[PDB]
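Notes follow once the structure below has been shown.
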Amino acid sequence: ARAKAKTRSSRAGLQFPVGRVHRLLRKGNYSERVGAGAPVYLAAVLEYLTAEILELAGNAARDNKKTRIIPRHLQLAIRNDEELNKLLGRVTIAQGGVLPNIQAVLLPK
Amino acid sequence: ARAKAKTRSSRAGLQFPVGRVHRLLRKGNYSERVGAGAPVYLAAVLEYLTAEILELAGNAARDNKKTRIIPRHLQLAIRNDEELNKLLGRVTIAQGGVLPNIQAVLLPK
Amino acid sequence: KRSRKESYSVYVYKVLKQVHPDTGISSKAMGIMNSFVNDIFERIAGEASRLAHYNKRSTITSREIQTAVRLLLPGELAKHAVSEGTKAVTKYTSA
Amino acid sequence: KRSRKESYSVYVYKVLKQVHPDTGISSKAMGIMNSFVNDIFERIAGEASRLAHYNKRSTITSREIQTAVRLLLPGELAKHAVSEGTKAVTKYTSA
Amino acid sequence: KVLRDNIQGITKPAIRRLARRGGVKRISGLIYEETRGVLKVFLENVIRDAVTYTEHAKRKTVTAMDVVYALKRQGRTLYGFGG
Amino acid sequence: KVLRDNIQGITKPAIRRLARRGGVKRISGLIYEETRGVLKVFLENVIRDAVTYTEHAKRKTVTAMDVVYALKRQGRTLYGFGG
Amino acid sequence: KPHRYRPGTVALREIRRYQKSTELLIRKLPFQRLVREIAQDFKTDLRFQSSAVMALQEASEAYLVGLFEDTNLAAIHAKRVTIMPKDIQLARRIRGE
Amino acid sequence: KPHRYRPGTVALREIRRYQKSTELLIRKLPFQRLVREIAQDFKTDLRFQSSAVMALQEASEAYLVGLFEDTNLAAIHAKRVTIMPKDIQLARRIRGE
Amino acid sequence: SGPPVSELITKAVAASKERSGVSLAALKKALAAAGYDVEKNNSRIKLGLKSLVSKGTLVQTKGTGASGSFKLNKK
DNA sequence: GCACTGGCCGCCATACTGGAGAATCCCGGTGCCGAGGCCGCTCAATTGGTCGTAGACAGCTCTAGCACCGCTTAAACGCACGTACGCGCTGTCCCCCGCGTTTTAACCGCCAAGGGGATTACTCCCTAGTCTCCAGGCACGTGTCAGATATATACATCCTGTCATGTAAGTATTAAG
DNA sequence: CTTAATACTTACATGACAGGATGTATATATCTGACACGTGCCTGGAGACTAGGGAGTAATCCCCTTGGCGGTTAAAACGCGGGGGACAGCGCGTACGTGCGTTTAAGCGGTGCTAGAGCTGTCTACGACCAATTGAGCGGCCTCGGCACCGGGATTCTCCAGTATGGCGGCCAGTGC
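Which chain is which? The protein sequence lines are A, B, C, D, E, F, G, H and I, in order. Counting from 1, position 92 in the first sequence corresponds to residue 78 in my numbering; the numbering is continuous, with no gaps. Counting from 1, position 43 in the second sequence corresponds to residue 29 in my numbering; the numbering is continuous, with no gaps. If you want my numbering, it's the 1-based position in the third sequence plus 98. If you want my numbering, it's the 1-based position in the fourth sequence plus 98. If you want my numbering, it's the 1-based position in the fifth sequence plus 2. If you want my numbering, it's the 1-based position in the sixth sequence plus 2. If you want my numbering, it's the 1-based position in the seventh sequence plus 6. If you want my numbering, it's the 1-based position in the eighth sequence plus 6. If you want my numbering, it's the 1-based position in the ninth sequence plus 73.
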């Protein structure tokens, strides 16, 4: 006589799995006990971060007239947001290249 | 009825606490299980490292003809050893100062 | 066959479809999304473990990961991520 | 009425008197040593835990810690720390 | 109780003394305000981190141990303060 | 079986292309060999790490995840092959 | 006459060309040879996944390319446009290597 | 006529004196005041352990001294014996800050 | 228009006649103070200095070419 | 009448400007292979109940930060003169990019083979937990000399005066036209 | 008789060396509190035993890595040219460095408060554990169309041949001597 199997991601209205993230925190050896709101809050944070980085990648792809985003689009998106660039200052993107940015003295007169 | 208590550090012939390091690993949240030789090995490594840095500090204080070491001696010892420097490049010692170090162009003539 | 290799395909793809229904991804870009989510998850989880350690707390609650996300993420990223986290947890308390 | 706080005062003092019977310490240098021992213990234990994560292993034995020792410690100090740790686990096994 | 512009409290000869410890033979007079700005920016970083720890602990008093956490989390680890 | 010099296999035009990605307009002739030195130092540091994981896993095959972890320790994390 | 562009503007054209681009900049199989020969100095008969050599590749030019904008800043800082080895030790020492 | 040293000789004397010496190098009380002033902006009515403000003092001086030797490397690299704020901007941006 | 620069350089070197010769920056300042567009005539003043040292009307004290100090001849 | 000289005109070096080449942008065409959607599977999230326990709340204590006050100079500051340095120009040298031709090995692609990763199975080595018990470091008290501080000498060094010397410059002489 | 060559002689810049000033070592007295050592303790470390489980180890298999052969070509290499960059010298202008007085505000010593740090008791919320389930997510497959590869014309970007301008030179005629 069990109720319908509903999901915590639908409970929070979120896309990232509350269950899998909760399981990873349990077996990631960070504490023996983990409060219930923590995977919900964490999944929301991850979804928010993916929200901007994915929309910026799509916008840069639309600037490049591509409907399929490429790692170049990801690098262009991530280096054009200063707070995200501070977030990933030490991070290498595979096949990402660098921004088009040259020093002023490098250009001719 | 009961065997007389023997400490594990004395069993290893070490000063550093096998029991305390083991207990810290239980409450440092690093693994579910810890093998028996692991805290003994860690205690040996820590004891060797502390012995080496204390030897350098005592030699430096003897060079400063001081009976007791001060954190200036620790700074002097930790900066003039390259392997220790690469161990602690990002570590700052309170009241430590830096090495006596002048650049070549800064000197007269 | 083969044992299942867990991944972040479906969730990042659905997030893309919400923010941009029309566009697509490369699988290489999708791997960078997997690496991104794993890295940020590791950073936040490690900071949460440190805060539970430091205040002698046996638990990981929303408060300390809130503390961590205020530490790591700069500015309005932190404030907004706080906002979606709070509205999400209030929705979860409403089940 | 006071509550005890654990430190390595007698341990560092004993090791010093082993390597230098005639040399003393300040209290400030002892605070430096307590911070140092906690820091290096933290680094080795964290990398050991991360290695146990990598191999999907729930046990920390001296192999993983020795792996972390070669991993973090630069140059000849690696071979040295392996030497005293190997001798120490040799007596510990023989005891 | 109100504090207004205590950034100039890091005096110019103090900056010169730091530069002497920094090994600077000669200092421009233009140096001081950007050094104040740089140390300031560093202070909002570390104090924001420390207070995030602090009313994480629900304390109104800032402790040195939280400062040790803030410096360690910044990758600028300090020894000698209970850490 | 044995190899004695492959660091000259990183050709001078390849180094030139790398500098052109770096925004370098002009490259001195003395650049190439010291770039070889710094790259062999970097590769040295990362493979010592990655190999240490590799026979830590009791495995004789170097895997990509080992390189990922070696860079992740060394503060130069790489995206794309996580997993 | 055969046509010839002046020095540098060609060089800026390769700057733009590889800077908007995404591909590998060094040869793959000599890199694999170099990786194996430097790897065998630690453990003999090491075997490499092709993806592993790939990863170690883009990590390598990542660290190198970051070193070159750092030395670029060093070069313009010395009012120069050609990088020099002393720029390299400068960048390495400021990074604390 | 009274004694007077040539410039730099005295400066090298403070270099030897202060780089030998280990004390806290800036004034205590205005640094305490500045820490209070900055902390007031983020949270109201904060109290500080005296040891905490001391820890800020060694942390700040260590960070500043590290930037100043980095600045010296930049300045001698630019063939100067006098530093400029652009040197500090260079050192910060190479450090990734 | 006006007269060419060379005789004005003769007045520049005869203005002070100190122990060493008059220098390049000093003569540029002298032409600027007397009134001249020294900004667009750098090549002009370089060729003028080379012309005057070649004819021997003035002699150079320390420098080479247009740099350094220039002083009047013996008589 | 003649020579000086200012003015005016002709010629050459140097800075604008249009035009040709070409590298790349921009437009189609084509075939393709990775994205993406569907289908079968399986394992992990779920749900619900229990159960033990972790921290939140209250309350009490006491202590260390804060506030206030009075001497007490060290240092902050300001100014002034001096000298030492940043930088800009120029000239000079030489070193590295651009481009052309030659070569080679990288890439692909094509095939063979086996090393080992990886997975499953089994049985076992070890470790965590718990109960009990005790000695080792911690809190705390005390005393006491290593070093801080103070006072008197002695050299280091560093700036300057002072004398010797190189060198530039003024000068008589003289020999030749 | 004149006038430039030439030696000769002298003042000034430069440099070598002595010497004092002063700051910094260096040698001796003293007191002191921070280091070091003695003491109660209780609780964290240890010992035995056991339940259980991660993990070591053997079998295998297949797959992904390693080895090797042919073509081809674009990239690597070599060389010529040359133009562009580096950089050294010098010189100027200024901008801090150092050295004097001066103001002051930190520093230090001393008093008193309290607000909160921290310890203690409670308990009640709350999160882990676990059996059964199911559906959401993942392995696998197969198509197609966005996009890689390819071809053709424009456009913009580059560099040079040719023009306008400024300065140099030369000539002539007016005028004063």
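Backbone N, C-alpha and C fix where the C-beta goes; we use that ideal spot for every residue, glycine too.
Its chain contains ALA176 and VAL180 as the residues whose beta carbon lies nearer than 8 Å to that of C:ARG168, once the 5 sequence neighbours on both sides are disregarded; these appear in chain order.
For A:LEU85, the CB contacts under 6 Å within the same chain, skipping 5 residues up- and downstream, are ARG65 in chain order. At a cut-off of 8 Å between beta-carbon atoms, B:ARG(-3) makes contact with chain D. Residues of the region 140 to 151 of chain C whose Cβ lies closer than 8 Å to any Cβ of chain F: none. As DSSP reads the structure, F:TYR81 sits in a beta bridge with A:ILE79.
The alpha carbon of A:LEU70 has as its nearest neighbour, out of A:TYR34, A:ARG(-3), A:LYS(-10) and A:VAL91, the alpha carbon of A:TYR34.
Taking 8 Å as the cut-off between beta carbons, the residues of the region 66 to 96 of chain G near chain H are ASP76, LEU79, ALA80, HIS83, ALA84, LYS85, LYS92, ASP93 and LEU96, in sequence order. Within chain E, the C-beta atoms nearer than 7 Å to that of D:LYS126 come from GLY82, in chain order.
Taking C-beta atoms as the reference points, H:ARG39 and E:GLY11 count as a pair closer than 8 Å. Listed in chain order, the positions of the region 16 to 42 of chain E with a beta carbon within less than 8 Å of a beta carbon of chain B are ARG23, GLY25 and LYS27. F:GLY84 and C:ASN132 do touch by the CB rule: their CB atoms are close to 6 Å apart, below 8 Å. Interface criterion met: the Cβ of E:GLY77 is under 8 Å from a Cβ in chain B. Counting only Cβ-Cβ distances below 8 Å, F:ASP68 has contacts in chain G at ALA58, in chain order. DSSP, reduced to helix, strand and coil, places A:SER(-5) within a helical segment of the structure shown. Residue pairing by DSSP places I:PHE143 opposite I:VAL95 and I:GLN133 in a beta bridge. Listed in chain order, the alpha helix (DSSP H) elements of length 4 or more contained wholly in the region 45 to 101 of chain G are 56 to 83 and 91 to 101. Against chain B, the CB of D:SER101 has no partner CB under 8 Å away; the residue lies outside that interface. With respect to chain C, the C-beta atom of E:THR54 has a partner C-beta closer than 8 Å.
When C-alpha distances from D:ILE138 are compared across E:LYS3, E:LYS74 and E:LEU5, the shortest belongs to E:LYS74.
Taking a Cβ-Cβ cut-off of 8 Å, the neighbours of G:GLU64 in chain A comprise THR78, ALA80 and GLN81, given in sequence order. Here B:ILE55 is bridged, per DSSP, to D:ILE123. Its Cα nearest to that of E:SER30, the residue H:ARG86 stands out among H:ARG22, H:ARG86, H:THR50 and H:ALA45. Interface annotation, A:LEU92: in contact with chain F, CB-CB separation under 8 Å.
Contact of D:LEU114 with chain B is assigned, a C-beta pair being separated by under 8 Å.
Close to chain D, meaning a Cβ-Cβ distance shorter than 9 Å, are the following residues of the region 31 to 42 of chain B: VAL31, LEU32, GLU33, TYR34, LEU35, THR36, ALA37, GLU38, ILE39, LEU40 and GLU41. If you draw a straight line from the Cα of H:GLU29 to the Cα of C:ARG155, it comes to about 37 Å. About 6 Å separates the beta carbons of H:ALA58 and E:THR65, which is inside the 8 Å limit, making them a contact pair. A contact is defined here as three or more CB-CB pairs under 8 Å, and the region 19 to 29 of chain G fails this definition with respect to the region -8 to 2 of chain B.
Cβ-Cβ separation between A:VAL20 and A:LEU11: approximately 5 Å, consistent with a contact (criterion under 8 Å). Against chain B, the beta carbon of D:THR159 has neighbours under 7 Å at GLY21, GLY23 and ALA24, listed in chain order. In summary, B:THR36 is buried, with 16 or more beta-carbon neighbours lying within 10 Å of its beta-carbon over all protein chains present. Around the beta carbon of G:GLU75, a 10 Å sphere encloses 16 or more other beta carbons of the protein chains shown; the residue is thus reported as buried. Nearest to G:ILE32 by alpha-carbon distance, out of F:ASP7, F:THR13, F:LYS62 and F:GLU35, is F:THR13. At a cut-off of 8 Å between beta-carbon atoms, F:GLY85 makes no contact with chain G. Counting C-beta pairs with one atom in each stretch, the region 60 to 79 of chain G and the region 75 to 84 of chain A have three or more that are closer than 8 Å, which means they touch.
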